[PDB]
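Bear in mind that the values in this text are calculations on the coordinates, not laboratory data. Cβ placement follows ideal geometry from the backbone for every residue including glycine, while neighbour counts extend to all protein chains displayed.
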Amino acid sequence: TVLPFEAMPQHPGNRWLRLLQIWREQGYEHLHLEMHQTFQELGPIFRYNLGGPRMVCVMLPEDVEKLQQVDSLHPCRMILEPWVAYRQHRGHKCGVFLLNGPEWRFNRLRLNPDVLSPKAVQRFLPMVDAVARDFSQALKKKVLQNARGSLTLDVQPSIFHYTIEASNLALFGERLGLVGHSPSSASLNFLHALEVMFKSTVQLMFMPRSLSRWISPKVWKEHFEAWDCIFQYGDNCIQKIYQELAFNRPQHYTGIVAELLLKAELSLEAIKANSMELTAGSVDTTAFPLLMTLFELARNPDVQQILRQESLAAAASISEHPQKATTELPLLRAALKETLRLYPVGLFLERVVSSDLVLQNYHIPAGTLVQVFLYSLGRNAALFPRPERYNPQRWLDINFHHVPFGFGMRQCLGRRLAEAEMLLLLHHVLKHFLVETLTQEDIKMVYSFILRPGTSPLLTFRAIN
Ligand code: HEM
Ligand SMILES: CCC(=O)N[C@@H]1CCCc2c(-c3ccc(Cl)c(F)c3)cncc21
């Protein structure tokens, strides 16, 4: 028994007043909380009144399963008009994140062997380990200068400079010297450019180019100015590596981008495009869940202890061969799966379905936008018993339950790189320090394309020596 599409519960809010409030509020900060509240009132499935196109919202893994079967050769995501507009204007190609169809497949297949593949992970993992080591060592130096052998600080700036340092070394094979040193003007500008880029995305996301072009021209100006800065930073990296490789082909591994340039399977302008997305992509996406794991470990000392015991046992083997960290730290990997469950990076998994399907016994026609709301999915007390409870052990009992990086062929390209940056930092921090905090109040998240914390709590790093 299958019900028609219009039989599905509808969102009570209308598209026009929705447009008007973003113009008034300069963004959609609360979106995650608003959508979560809607699911509690209308059920695990509802249709959004987009006024013509079909838009469906889901929050169940059983829906994610069915959504993967309809993926096809070319899984299609909604076109992100503000980002694409910048590429067209400046004459740049689109990377694997913004592409669709056969153009996406060509790029993706030529990127997987050097960005995501296990053989590639074995090569960039020891590089990331060196950065992660330097972070803990630099921290230990400042901790031992205090009488109590502890340092209480806002970790957010330092963690952000780690994700910049670790990503640049993994991608380009260049140490920027940000870990253990004062932040560079160039890095601070890049971070702010990203901050502004995401802010302006939300404002321009919901309305057509036609409307936004005269209603919000200064939002458009602000968005492009932010991208001009992001692109300036990324192009500087690409110009350095291209000149270095033009004069000498190295025998040893010197980063992800180096491998892509040497293989030359993709055009320079496509390597430039994809490398830009990997450079800008890896900063905020890796740092925010790293910061949230640190907070949740500071909150749950009992959980921390188990993870510390695991990391101190596997310390000797990871010191000799860093690539072991993946296989020898199941609890820490499960702690990361837990952090991403409670605190997702984005909010929606998008799919513009290629053929008809049945979701929650409702008919879903072809060309329907299906959005998987990750914030709500992580909170279902039937699938994730005690959902408010930060318990990594839950992942070792168990399927489409864990899906923060997505699914199928379109599933996150940086997934393995992000995992390595997170694992290795936490491993070295747990080895030498005890994280603590008096802030036991949950941090309020802010929707600015990337679901980011509104507060950065004070964390005490106490040395074990
Ligand atoms: C650790 C947190 C991260 C999460 C949760 C995450 C999650 C996601 C999700 C859900 C997708 C799309 C999956 C889909 O639609 O099927 C995705 C795509 C992508 N991510 Fe991330 N990501 C993370 C880190 C990274 C990092 C560090 C980078 C930069 C290297 C990155 C680069 C990308 C790219 C290029 C894509 C596009 C994949 C494609 O269209 O083929 N991500 N990410
Ligand atoms: C629902 C999960 C999700 O999409 N998270 C976030 C959304 C914000 C951007 C993003 C990226 C990404 C960020 C910036 C650029 Cl330039 C890019 F090219 C890709 C990669 N990976 C995850 C995510």
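With a cut-off of 14 Å between beta carbons, the residues surrounding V283 carry a summed charge of -4, where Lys and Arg count +1 and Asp and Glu -1. Taking the three principal axes of the alpha carbon atoms in the range 1-131, the coordinate ranges are 51, 43, 34 Å, sorted in descending order.
Less than 19 Å apart at the alpha-carbon level, and either on another chain or at least 8 residues along: which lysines does that give for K444? Those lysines meeting the cut-off are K199. Using Cβ point charges alone (K and R +1, D and E -1), the dipole size of the chain about the Cα centre works out to roughly 360 debye.
For the range 205-214, the Karplus equation 6.51 cos²θ - 1.76 cosθ + 1.60, evaluated at θ = phi - 60°, returns couplings of 4, 7, 10, x, 3, 3, 6, 4, 4, 10 Hz by residue, with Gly and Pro reported as x. Ranking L73, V131, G95 by Cα position along the charge dipole of the range 65-150, where only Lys, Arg, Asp and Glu carry charges on their C-beta atoms, puts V131 farthest toward the positive end. Under 19 Å of direct C-alpha separation, and excluding same-chain neighbours fewer than eight residues apart, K240 reaches these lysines: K263, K272. Report for the chain the percent antiparallel among DSSP-assigned beta bridges with both residues inside it, nearest 5. The answer is about 80 percent antiparallel. Distant-in-sequence amide contacts of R77, defined by a placed amide H-H separation under 5 Å and a gap of 5 or more residues or a different chain, comprise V352.
For the range 1-88, a crude dipole built from +1 on the beta carbon of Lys and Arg and -1 on the beta carbon of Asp and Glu, taken about the Cα centre, is about 340 debye to the nearest 20.
Give the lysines reachable from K324 as a straight Cα distance under 17 Å; neighbours fewer than 8 places away on the same chain don't count. Once the sequence-local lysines are set aside, what remains near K324 is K119, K431.
Stick to Cα atoms and the Kirkwood definition of Rh, then tell me Rg/Rh for the chain.
Rounded to two decimals, Rg/Rh equals 0.95.
Highest mean first, how do 348-355, 140-147 rank when packing is the count of other Cβ atoms within 10 Å averaged over residues?
Ranking, from highest mean packing down: 348-355, 140-147.
Sequence-ordered 3J(HN,Hα) estimates for the range 278-290 from the Karplus curve with 6.51, -1.76 and 1.60 and θ = phi - 60° stand at 5, 5, 6, x, 6, 6, 6, 4, 8, 4, 4, x, 5 Hz, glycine and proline given as x. Once C-alpha pairs closer than 8 Å and six or more residues apart are averaged by separation and normalised to the residue number of the range 104-177, the relative contact order reads 29 percent.
A simple charge model with +1 on the Cβ of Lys and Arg, -1 on the Cβ of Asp and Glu and nothing else charged puts the dipole of the range 59-117 at about 420 debye relative to its Cα centre. When you filter the trypsin sites (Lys or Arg not before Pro) in the range 53-109 for DSSP loop state and at most 11 other Cβ atoms inside 10 Å of their Cβ, nothing is left. Remark: the range 127-138, residue by residue, has Karplus-estimated 3J(HN,Hα) of 5, 5, 3, 4, 5, 4, 5, 4, 5, 5, 5, 5 Hz, where x stands for each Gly or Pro and the curve is 6.51 cos²θ - 1.76 cosθ + 1.60 at θ = phi - 60°.
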